[PDB]
Amino acid sequence: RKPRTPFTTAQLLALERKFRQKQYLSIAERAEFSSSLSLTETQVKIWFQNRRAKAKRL
DNA sequence: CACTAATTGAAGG
DNA sequence: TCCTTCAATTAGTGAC
């Protein structure tokens, strides 16, 4: 498997507000956004995926 | 347990 | 036959 990534409180604030701006990223956006935070595209993809789930639960 | 990152796996492209 | 999405699942950390 793979260890949980400990996102920073700052990465997490960015991810949250990016998600507040739009809950989906296009590929280019994601490529850009992940580089901006120094996280892998997969990390961001999965964080958005998981957050969309949480947001559906609520 | 709550929360959340990661896995898996189907349906759609 | 790579990749997205969602649904469900698995599992790490951490409160109670």
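Quick note on labels: first sequence line is chain A, next is B, and so on, each numbered from 1. The figures that follow rest on heavy atoms only: side chains count, while hydrogens, waters and symmetry mates do not.
Atom pair A/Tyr24:OH and C/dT5:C1' shows a separation of 7 Å (rounding to whole Å applied). Atom CZ of A/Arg52 and atom P of C/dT5 are 5 Å apart (whole Å). At whole-Å resolution of the value, CZ in A/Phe19 and P in C/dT5 are 12 Å apart. Atom CD1 in A/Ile27 sits roughly 11 Å away from atom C1' in C/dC2 (whole-Å rounding). Distance NZ (A/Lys22) to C1' (C/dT4): 13 Å, rounded to an integer number of Å. Rounded to an integer number of Å, the gap from A/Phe48 CZ to C/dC6 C1' is 16 Å. Put simply, CG on A/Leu58 is 11 Å from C1' on B/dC3, counting in whole angstrom units. Between A/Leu25 atom CG and C/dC3 atom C1' the separation is 15 Å, expressed in whole Å.
Among the protein residues, A/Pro3 comes within range of the sugar-phosphate backbone only, with heavy atoms under 4.0 Å from sugar or phosphate atoms but none that close to a base.
Between A/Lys2 and B/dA5 there is no side-chain N or O to OP1 or OP2 distance below 4.0 Å. A sub-4.0 Å separation between OP1 or OP2 of B/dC3 and a side-chain N or O of A/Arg57 is absent. The side chain of A/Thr42 contributes no N or O atom lying less than 4.0 Å from OP1 or OP2 of B/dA6. At B/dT4, none of the side-chain N or O atoms of A/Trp47 fall inside 4.0 Å of OP1 or OP2 (strictly under the cut-off). Not one side-chain nitrogen or oxygen of A/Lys54 sits closer than 4.0 Å to the OP1 or OP2 atom of B/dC3.
Judged by distance alone, the side chain of A/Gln23 and the main-chain N or O of A/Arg52 form no donor-acceptor pair under 3.5 Å.
Aromatic rings from A/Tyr24 and A/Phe48 are positioned such that their centres are separated by 6.0 Å or more.
Taking every side-chain heavy atom of A/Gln49 into account, B/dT7 is the closest of B/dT4, C/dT4, B/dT7.
Judged by the sign of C1'-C2'-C3'-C4', C/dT9 carries a south-puckered sugar.
Side-chain atoms of A/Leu12 and A/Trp47, non-hydrogen and from C-beta on, do get closer than 4.5 Å to each other. Counting heavy atoms from C-beta on, the side chains of A/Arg51 and A/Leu15 never come closer than 4.5 Å. Counting heavy atoms from C-beta outward, A/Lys18 and A/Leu25 have side chains that approach closer than 4.5 Å. A/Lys54 has its side chain out of reach of A/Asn50: every pair of non-hydrogen atoms, C-beta onward, lies at least 4.5 Å apart.
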Heavy atoms under 4.0 Å is the rule here; annotate nucleotides 9-16 of chain C 5' to 3' with B where the base is hit, S where only the sugar-phosphate is, and - elsewhere.
-BBB----
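Salt bridge annotation for A/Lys22-A/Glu29: present, with a cationic side-chain nitrogen under 4.0 angstrom from a carboxylate oxygen.
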